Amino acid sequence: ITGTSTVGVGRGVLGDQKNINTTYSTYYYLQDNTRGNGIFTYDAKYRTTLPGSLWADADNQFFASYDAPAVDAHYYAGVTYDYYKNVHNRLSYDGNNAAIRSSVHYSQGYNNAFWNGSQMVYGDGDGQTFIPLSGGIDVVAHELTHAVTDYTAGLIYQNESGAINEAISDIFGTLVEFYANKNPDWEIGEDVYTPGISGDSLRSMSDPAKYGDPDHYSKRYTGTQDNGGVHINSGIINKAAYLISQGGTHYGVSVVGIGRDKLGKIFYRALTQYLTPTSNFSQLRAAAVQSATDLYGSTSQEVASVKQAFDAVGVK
């Protein structure tokens, strides 16, 4: 809509207060004109029809419980936009400042969130397994990174390529969580998963085996479930990324950590320049080594640490 850019105030899913960019035209709308071609948040009204109605509010204050998932979807889309622009010089998910649209209150008791090719979609969860999924910044950024992948490498969502696709989304979901300084960790989905249970998550990047996921190529899942293990085998790559950043000793291989910024630069270059739709784990290693070589030089510690980390998880 056309109107005056304003700043409202609201509370997110976890009860935290934040300012959000809105647009005034009789009502205040969840329309952020400050980022690219805009960030737009919609009410799906518990239907499965998309996108629903552009979110309208009478007083620019968003403290109702019904408001909370919209506040966080809107705010965390903006944080993700800022991360890709400020850190990687990428303008929105397509690199051409495409508008980011999100719908909240999708369906009823729906324990999922997804990028559907043109917008974000968030369920509210069932209140036991999940609370509204836009409350997790790493979830938001994970799903928006699938859009980045679709517009660059085009990794297909099965077998090793699909596990890479998932791991890329976990890596940048985590780097956005650190960028925002929003209770950062190397776990995925901890802020919205099992509200009754403290200290768990959907999966761990620092210790995938904590939840039974593989942390070495020799332990990879080889069956047909989960599209060939896309959420299971991602642990192999997630552990390598953790080692590249933080260092450690894993299956007897010592890795010198190089930190989070260089992790992000190496993987962003690999994704945007070198990966293809059917890249496998071995090709990811080659792409990451070449990216580190491009950025830091063939004899650098950065290249040596990438090699060490992939050796540690058994990927040659």
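For the two forms, the rigid core is made up of the largest set of C-alpha atoms that agree within 1.5 Å on superposition. The first residue of the shown sequence is 1; numbering continues from there.
Peer 1: Please indicate which stretch deviates more in 6 other deposited structures of this protein: 52 to 60 or 254 to 262, judged by C-alpha RMS distance after a core superposition?
Peer 2: Of 52 to 60 and 254 to 262, the stretch deviating more in 6 other deposited structures of this protein is 52 to 60.
Peer 1: Which of the two stretches, 220 to 228 versus 133 to 141, has its Cα atoms farther on average from this form in 6 other deposited structures of this protein when everything is superposed by the rigid core?
Peer 2: Checking 220 to 228 against 133 to 141 in 6 other deposited structures of this protein, I find the farther stretch is 220 to 228.
Peer 1: Of 197 to 205 and 158 to 166, which one has the bigger average CA B-factor?
Peer 2: Result of the comparison: 197 to 205.
Peer 1: When the Cα temperature factors in the entry are averaged, is it 217 to 225 or 92 to 100 that ends up higher?
Peer 2: Higher of the two, by average CA B-factor, is 217 to 225.
Peer 1: Can you pull the Cα B-factors for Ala70, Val255, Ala58, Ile258 from the entry and say which is highest?
Peer 2: Answer, based on the entry's C-alpha B-factors: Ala58.
Peer 1: Kindly indicate the residue among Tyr242, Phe130, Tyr81, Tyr122 with the greatest C-alpha B-factor in the PDB record.
Peer 2: So the option with the highest C-alpha B-factor is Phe130.
Peer 1: So where's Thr41 on the chain's Cα temperature factor ranking, which third?
Peer 2: According to the entry, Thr41 has a C-alpha B-factor in the chain's lowest third.
Peer 1: Quick check for you: using the entry's CA B-factors within this chain, is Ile236 in the lowest, middle or highest third?
Peer 2: Bottom third by C-alpha B-factor.
Peer 1: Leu275: which third of its chain by C-alpha temperature factor?
Peer 2: Middle third - that is where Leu275 ends up once the chain's C-alpha B-factors are sorted.
Peer 1: Using the B-factor values recorded in the entry, state whether the Cα atom of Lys265 falls in the lowest, middle or highest third among the modelled residues of its chain.
Peer 2: It belongs to the lowest third of the chain when residues are ordered by C-alpha B-factor.
Peer 1: For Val192, return the chain-relative third of its C-alpha B-factor as stated in the PDB record: lowest, middle or highest.
Peer 2: For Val192, the deposited C-alpha B-factor lands in the middle third.
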